[PDB]
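**Q** coordinates for the following, if possible.
(one chain, ligands or ions: 1)
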Amino acid sequence: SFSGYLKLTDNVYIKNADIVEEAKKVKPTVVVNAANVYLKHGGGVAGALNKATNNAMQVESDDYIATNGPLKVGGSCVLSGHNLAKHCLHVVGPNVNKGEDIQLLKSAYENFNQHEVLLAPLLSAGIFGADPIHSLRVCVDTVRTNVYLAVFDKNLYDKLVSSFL
Ligand SMILES: CCNc1ccc(C#N)cn1
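**A** Residues are numbered from 1 along each chain as shown. Below you will find the coordinate block:
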């Protein structure tokens, strides 16, 4: 189904790809969003996925927050995948740039175990400020379901693969 991924472990795969383009092509059952507790999809993966939905993700997310309140750091919710996937699993990894606890990254990845297969970014990486090498390590040590990681940055992808233990 997913093409061109490098197998890291029994269940973790990685590719240098734009997660928006991966989602449009594959139309996976689940695309993971690098969400914040307010589901305000301003930038990074969230801003990019929301822009690909023509803001439908943000409109749906605002209604979800109006009804349910904010998510917890380390938590998630399942919403529509719009034109990108059947569902979007909005997962909140800790944002180290907001001083959040990096220990919550394992809790964030545990949300992936509720889905047999997912297309996902590295949680807390990019604008969330965590070390992406550490994120990949927590991913491989926490996620047991099939996760296809899309890493937008080629230089970061090369660093992640070449340093993977
Ligand atoms: C070009 C649109 N796609 C993407 C994918 C990932 C990120 C990040 N971070 C930003 N844009």
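
**Q** show the backbone phi and psi for residue 118.
**A** phi -140, psi 150 (degrees, to the nearest 10).

**Q** tell me who's in contact with residue 156.
**A** By CB atoms under 8 Å, 6 or more residues apart in numbering, the contact list for residue 156 reads 125, 132. For every residue, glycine as well, the C-beta is placed using N, CA and C.

**Q** now the host helix or strand of residue 88, how far from the centre of its chain.
**A** Under the criterion of DSSP states H and E, residue 88 resides in strand 87-92. Relative to its parent chain, strand 87-92 has a centroid offset of 7 Å by CA atoms, centre = their mean, to the nearest Å.

**Q** give me the next element, helix or strand, following it.
**A** helix 104-110.

**Q** what comes into contact with that following helix?
**A** 73-76, 91-94, 123-124, 130, 134-135, 138-139, 141-143.

**Q** what lies in contact with the host helix or strand of residue 66?
**A** Using DSSP H and E, residue 66 sits in helix 56-68. Residues from elsewhere that reach helix 56-68, judged by CB under 8 Å, 6+ apart: 33, 38-41, 49-50, 77, 79-80, 82-83, 88, 90.

**Q** of these, closest to the ligand?
**A** If you rank these by distance to the ligand using CB to the nearest ligand atom, residue 49 comes first, at 7.8 Å.

**Q** if we can go back for a sec, which of the contacts of helix 104-110 are buried?
**A** Among the contacts of helix 104-110, those classed as buried by 16 or more other CB atoms under 10 Å are 73-76, 91-94, 123-124, 130, 135, 138-139, 142-143.

**Q** identify the bridge partners of the residue nearest to residue 154 when sequence neighbours are not counted.
**A** The spatially closest residue to residue 154, leaving aside those adjacent along the chain, is residue 16, at 5.0 Å (CB to CB, 6 or more residues apart in numbering). Under DSSP bridges, the beta-bridge partners of residue 16 are residue 151.

**Q** count of neighbours near residue 16?
**A** Using other CB atoms under 10 Å, residue 16 has 18 neighbouring residues.

**Q** what about residue 93, distance to the ligand?
**A** Distance, residue 93 to the ligand, by CB to the nearest ligand atom, to the nearest Å: 12 Å.

**Q** thought that residue was touching residue 128?
**A** Yes. Counting by CB atoms under 8 Å, residue 93 touches residue 128, with 5.8 Å between them.
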